[PDB]
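Q: Okay, here's the structure, questions in a sec.
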Amino acid sequence: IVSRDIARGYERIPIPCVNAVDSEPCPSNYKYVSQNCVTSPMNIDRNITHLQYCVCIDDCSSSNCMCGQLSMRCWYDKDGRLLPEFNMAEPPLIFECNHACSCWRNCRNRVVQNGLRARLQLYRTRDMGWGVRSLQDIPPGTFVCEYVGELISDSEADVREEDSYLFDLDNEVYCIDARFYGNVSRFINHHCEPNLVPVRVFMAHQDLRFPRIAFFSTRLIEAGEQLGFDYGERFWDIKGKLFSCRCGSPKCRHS
Amino acid sequence: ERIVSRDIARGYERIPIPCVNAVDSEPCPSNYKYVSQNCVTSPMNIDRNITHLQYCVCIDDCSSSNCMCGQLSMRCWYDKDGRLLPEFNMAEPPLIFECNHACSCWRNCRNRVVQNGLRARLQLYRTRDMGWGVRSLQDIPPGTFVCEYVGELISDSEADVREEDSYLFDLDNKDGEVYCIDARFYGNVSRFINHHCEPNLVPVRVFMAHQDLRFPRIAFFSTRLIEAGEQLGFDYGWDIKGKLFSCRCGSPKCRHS
Ligand SMILES: Nc1ncnc2c1ncn2[C@@H]1O[C@H](CSCC[C@H](N)C(=O)O)[C@@H](O)[C@H]1O
Ligand SMILES: Nc1ncnc2c1ncn2[C@@H]1O[C@H](CSCC[C@H](N)C(=O)O)[C@@H](O)[C@H]1O
Ligand SMILES: [Zn+2]
Ligand SMILES: [Zn+2]
Ligand SMILES: [Zn+2]
Ligand SMILES: [Zn+2]
Ligand SMILES: [Zn+2]
Ligand SMILES: [Zn+2]
Ligand SMILES: [Zn+2]
Ligand SMILES: [Zn+2]
C-alpha cells in the first residue's frame, strides 16, 4: 500500500494506491483536486438568475419536472441508476436539479452532484503503467467518477506539449487537461470494449460551454476489474503511431 | 406549537433547521430563497486562479507553527475540537486563513472549520416582539462556529440603490471600494438573526477556497456559552434605522432602547 488515500481525504471514501509489479512509488507529478479548477480566467456564467429551475413539490419524479424536461427525461431510477432506456451510444445532456430549484436536496434528479460513492483503487498494471480498478461489484448504469482537471481553451490546448491527459468538451472548443491538476480519472486507461461511458452534465451552473463529464458503468463491473473508456479517434490516429492499445480484448481497434 | 416547517433549508445543511410559531398566526417566511452558500446575480470577478493561492506544505495536521496558513492568520486559532483558543481577541478579531485545496495537508487538519459547515442545532422561531428569530436547541460551548452570514454579493453602488437594506452586511470596509452581502432576496438562517446589545455572537472575516481580499466570508462564533433555548444575536454594525425602531433585546444595558 504505497498510499492509503491519494485524495488526502477530499473524497467521501479513500482511494489507496498499491504496487506489486515493479518498484515505482505513488505517482506525484500532479496535484489531486477533487473538483475542476482554472488557472487562466475562465468566464463562467454563475449568475443565479440565468438558471433554469423547477418548482416540483414531489421528489422531482413527476414528468412536470422542468429539470427532467431539459434533459428530455429524468434518466435516474430510485437507486440513482440510469434507466435501461438510456441511450448509451449517443447520450443526452443531463440537467440535474440545482440550488435554484424549489425541491429538496434528496430529489431523484440529484446524483452526479452527490459525489463518488464507489470503492476505487489506483493500482499498477502489468503493461499500461498505472490504472484504476473497483474493489466492489458495480451495478450497470451507476455513476462511478467524474473526469476532473484544469479548464483550458482549444487555443491553450494546442500549444500544450503534453496532451495525454486531455478531454474535449463541446465541438469554439474547451478542454480539461488532467495533466497538472486532476483526480482518479486521469489514471483510467483506454479500452475497446469499455465498461465506462462519459456523459455531459450540468448542476450548479448551466453555462453550456462548460459541461462536467461523468462516467457511468455501461455494464456490471466485478470487484477487481480495471475501468476503461473509449478515448476516441484523434488519440489513436497520432498517439497510435507510437503506443498501441493493450486492452487485451477480441475487438481491439488500435492494437 | 405549530411546526410550520420541518427544515427551512430543504436539506442543504448538514442538519435540518425547522421553523415554529407559537405566538401569532404567521406562516413560515417565504419571500426569499434559502441558499446555503453565497451567490451572485451581477458578475463579481473573484480571483479563483488556483496559482494565486497562498498555501502550506505541512505534513502534520497543520498544528505546527510552520503552517503558512496559520501564519497568515497570525496563528491557528483553532483547538482540536475546532473551537477558538481563549487567546482569541473577541473585541478585535483577526482575519482567519483556513487551509485550501492548494495546501499539501489533509482535509481533516486543524485549520479547516468554517469550511466544514454548520453543525449546531438551530431553529427559526417566532419572537413575541421582534418578529422572527433564530434559537439554539442545545448548549453551545464558547468559541464555537455557529453559522455563516450568507447572501448575494453586491457593490456599494448596487447597495445604495437597493430599497430594502435591512438584510445587508458591509464586507470590505472602505479600502477605496466597498462590497456587501444583501441577504434580502437570497440568504440563509443568518438573515433571521436579530440584534442584541450583549451579543452572544461575533462576526469574523474568513478566507477558504479563495483569498480575494475584497470578498471575505463572515462567520459567527459564540462569544460565550449559549444555553439551549437562547436566541442568537450580534451587534449590528441603529446608526439611522435606530431613528424610530427601538431595540427590545431585553438586556439591562440596551444602548438603543
Ligand atoms: N489501453 C491502453 N493501452 C496502452 N497504453 C495505454 C492505454 N490507455 C492508456 N495508455 C497510456 O497511458 C498513457 C497516459 S494516460 C493514463 C495514465 C497511465 N496509465 C499511467 O501509468 O499513469 C498514455 O500515454 C497511453 O499511451
Ligand atoms: N434588537 C432588535 N429589536 C427589535 N427588532 C430588531 C432587533 N434586531 C433586529 N430587529 C428587526 O429585524 C429586522 C430585519 S433583520 C432580521 C429579521 C427579523 N427578525 C424579522 O422579523 O424577519 C430589522 O428591520 C429590525 O426591525
Ligand atoms: Zn429536484
Ligand atoms: Zn423538479
Ligand atoms: Zn429541479
Ligand atoms: Zn483495444
Ligand atoms: Zn491544513
Ligand atoms: Zn499547514
Ligand atoms: Zn494550509
Ligand atoms: Zn438592545
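Chain labels A, B, ... are given in the sequence in which chains occur in the C-alpha cells; within each chain residues are numbered consecutively from 1, and ligands are likewise numbered from 1 in the order shown.
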Which residues sit within 6 Å of ligand 8, counting only C-alpha atoms and all ligand atoms, listed as JSON, numbers by chain?
A: {"B": [56, 57, 58, 62, 67, 68, 69]}
Q: Within 9 Å of chain B, which residues of chain A show up when using only C-alpha atoms, listed as an MDAnalysis selection string?
A: chainID A and resid 7:10 31:34 37:41 43 45:50 99:100 102:106
Q: I need the chosen residues saved as a compact mmCIF listing (two decimals), in the first residue's frame, with C-alpha atoms.
A:
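selection.txt written:
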```txt
# COMPACT_ATOMS: atom_id res chain seq x y z
CA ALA A 7 -7.10 12.10 -2.39
CA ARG A 8 -5.87 13.33 1.02
CA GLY A 9 -9.40 12.63 2.31
CA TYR A 10 -11.21 15.08 0.00
CA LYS A 31 -2.00 17.82 -7.86
CA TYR A 32 -5.06 15.81 -6.78
CA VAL A 33 -8.05 18.13 -6.98
CA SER A 34 -11.45 16.56 -6.32
CA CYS A 37 -10.14 24.21 -11.31
CA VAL A 38 -8.88 27.00 -13.56
CA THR A 39 -5.55 28.82 -13.86
CA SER A 40 -6.47 31.24 -16.64
CA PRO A 41 -9.62 33.36 -16.05
CA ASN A 43 -15.67 33.43 -17.51
CA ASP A 45 -21.99 32.36 -16.06
CA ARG A 46 -22.64 31.96 -12.33
CA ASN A 47 -25.49 34.47 -12.50
CA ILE A 48 -28.09 32.71 -10.39
CA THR A 49 -30.99 34.33 -12.26
CA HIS A 50 -29.80 32.73 -15.51
CA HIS A 99 -29.91 25.30 -5.59
CA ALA A 100 -32.36 27.42 -7.61
CA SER A 102 -37.90 24.58 -5.23
CA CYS A 103 -37.38 20.88 -4.41
CA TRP A 104 -35.30 19.22 -1.69
CA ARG A 105 -31.65 18.14 -1.80
CA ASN A 106 -32.68 14.45 -1.96
```
Q: Which residues form the shell of 9 Å around ligand 10 when you count only C-alpha atoms and all ligand atoms, given as an MDAnalysis selection string?
A: chainID B and resid 195:198 235 246:257
Q: Atom CA of residue B:88 and atom CA of residue B:222 are how many Å apart?
A: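 Here the two named atoms are 11.8 Å from each other.
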Q: Check which residues fall inside 10 Å of ligand 5 when counting only C-alpha atoms and all ligand atoms, and print them as a tab-separated table (two decimals) with N, CA, C and O atoms, in the first residue's frame.
A:
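Final file, selection17.tsv:
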```
chain	number	residue	atom	x	y	z
A	52	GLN	N	-32.12	27.85	-15.22
A	52	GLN	CA	-33.38	27.15	-15.39
A	52	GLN	C	-33.55	26.24	-14.17
A	52	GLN	O	-32.63	25.52	-13.78
A	53	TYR	N	-34.75	26.28	-13.57
A	53	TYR	CA	-35.01	25.52	-12.35
A	53	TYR	C	-36.42	24.95	-12.42
A	53	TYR	O	-37.19	25.32	-13.30
A	54	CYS	N	-36.76	24.07	-11.48
A	54	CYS	CA	-38.09	23.50	-11.41
A	54	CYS	C	-38.79	23.90	-10.11
A	54	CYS	O	-38.13	24.34	-9.17
A	55	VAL	N	-40.12	23.71	-10.07
A	55	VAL	CA	-40.91	24.12	-8.92
A	55	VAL	C	-41.61	22.91	-8.30
A	55	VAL	O	-42.57	23.07	-7.55
A	56	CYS	N	-41.10	21.71	-8.58
A	56	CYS	CA	-41.67	20.48	-8.05
A	56	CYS	C	-41.93	20.57	-6.55
A	56	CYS	O	-41.17	21.20	-5.80
A	59	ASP	N	-40.79	14.60	-5.21
A	59	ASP	CA	-39.35	14.35	-5.28
A	59	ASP	C	-38.88	14.37	-6.74
A	59	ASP	O	-38.11	13.50	-7.17
A	60	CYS	N	-39.38	15.36	-7.49
A	60	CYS	CA	-38.99	15.60	-8.88
A	60	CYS	C	-39.06	14.33	-9.74
A	60	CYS	O	-38.27	14.17	-10.67
A	65	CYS	N	-41.39	17.87	-14.01
A	65	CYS	CA	-40.05	18.33	-13.66
A	65	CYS	C	-39.39	19.03	-14.85
A	65	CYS	O	-39.03	18.38	-15.84
A	66	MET	N	-39.27	20.36	-14.74
A	66	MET	CA	-38.64	21.18	-15.76
A	66	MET	C	-37.22	20.69	-15.99
A	66	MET	O	-36.76	20.58	-17.12
A	67	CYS	N	-36.53	20.41	-14.88
A	67	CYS	CA	-35.17	19.89	-14.90
A	67	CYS	C	-35.14	18.58	-15.69
A	67	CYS	O	-34.31	18.42	-16.58
A	68	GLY	N	-36.09	17.69	-15.40
A	68	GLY	CA	-36.22	16.46	-16.17
A	68	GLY	C	-36.50	16.72	-17.65
A	68	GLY	O	-35.99	16.03	-18.53
A	69	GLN	N	-37.32	17.73	-17.93
A	69	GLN	CA	-37.68	18.05	-19.30
A	69	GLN	C	-36.45	18.52	-20.07
A	69	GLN	O	-36.22	18.05	-21.17
A	70	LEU	N	-35.67	19.42	-19.46
A	70	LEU	CA	-34.45	19.93	-20.06
A	70	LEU	C	-33.53	18.79	-20.48
A	70	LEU	O	-32.81	18.90	-21.48
A	95	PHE	N	-29.50	17.50	-17.05
A	95	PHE	CA	-29.63	18.68	-16.21
A	95	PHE	C	-30.14	18.22	-14.85
A	95	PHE	O	-31.33	17.94	-14.69
A	96	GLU	N	-29.20	18.09	-13.90
A	96	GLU	CA	-29.54	17.80	-12.52
A	96	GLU	C	-30.15	19.07	-11.90
A	96	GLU	O	-29.99	20.17	-12.43
A	97	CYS	N	-30.84	18.87	-10.78
A	97	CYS	CA	-31.50	19.94	-10.07
A	97	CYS	C	-30.45	20.77	-9.34
A	97	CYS	O	-29.39	20.25	-8.99
A	98	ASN	N	-30.76	22.03	-9.10
A	98	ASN	CA	-29.78	22.95	-8.58
A	98	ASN	C	-30.39	23.76	-7.44
A	98	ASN	O	-31.59	23.67	-7.19
A	99	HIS	N	-29.54	24.52	-6.76
A	99	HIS	CA	-29.91	25.30	-5.59
A	99	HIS	C	-30.97	26.35	-5.92
A	99	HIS	O	-31.45	27.02	-5.01
A	100	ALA	N	-31.31	26.50	-7.20
A	100	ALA	CA	-32.36	27.42	-7.61
A	100	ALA	C	-33.73	26.75	-7.57
A	100	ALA	O	-34.75	27.44	-7.46
A	101	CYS	N	-33.75	25.42	-7.67
A	101	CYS	CA	-34.99	24.66	-7.68
A	101	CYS	C	-35.69	24.73	-6.33
A	101	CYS	O	-35.06	24.98	-5.30
A	102	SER	N	-37.00	24.47	-6.37
A	102	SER	CA	-37.90	24.58	-5.23
A	102	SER	C	-37.82	23.31	-4.37
A	102	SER	O	-38.14	23.36	-3.19
A	103	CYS	N	-37.38	22.21	-5.00
A	103	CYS	CA	-37.38	20.88	-4.41
A	103	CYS	C	-36.28	20.72	-3.36
A	103	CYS	O	-35.49	21.63	-3.14
A	104	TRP	N	-36.25	19.53	-2.74
A	104	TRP	CA	-35.30	19.22	-1.69
A	104	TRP	C	-34.03	18.59	-2.26
A	104	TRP	O	-33.99	18.15	-3.42
A	105	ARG	N	-33.00	18.52	-1.41
A	105	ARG	CA	-31.65	18.14	-1.80
A	105	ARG	C	-31.56	16.64	-2.08
A	105	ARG	O	-30.53	16.15	-2.55
A	107	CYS	N	-34.08	14.92	-3.91
A	107	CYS	CA	-34.95	14.56	-5.02
A	107	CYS	C	-34.21	13.62	-5.97
A	107	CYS	O	-32.99	13.53	-5.94
A	108	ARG	N	-34.97	12.94	-6.84
A	108	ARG	CA	-34.41	11.92	-7.71
A	108	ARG	C	-33.30	12.46	-8.61
A	108	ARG	O	-32.37	11.71	-8.94
A	109	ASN	N	-33.40	13.73	-9.03
A	109	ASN	CA	-32.61	14.24	-10.14
A	109	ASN	C	-31.31	14.88	-9.63
A	109	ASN	O	-30.78	15.78	-10.28
A	110	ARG	N	-30.81	14.40	-8.49
A	110	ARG	CA	-29.51	14.79	-7.96
A	110	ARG	C	-28.70	13.52	-7.73
A	110	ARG	O	-29.07	12.72	-6.87
A	203	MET	N	-25.00	21.04	-13.35
A	203	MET	CA	-25.53	21.01	-12.00
A	203	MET	C	-25.74	22.45	-11.52
A	203	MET	O	-26.82	22.99	-11.72
```
Q: Could you please extract the residues within 10 Å of ligand 2, counting only C-alpha atoms and all ligand atoms, and hand them back as a PyMOL selection string?
A: chain B and resi 29+124-127+129-134+164-168+183-184+189-197+233-236+238+241-242+244-251+254+256-257
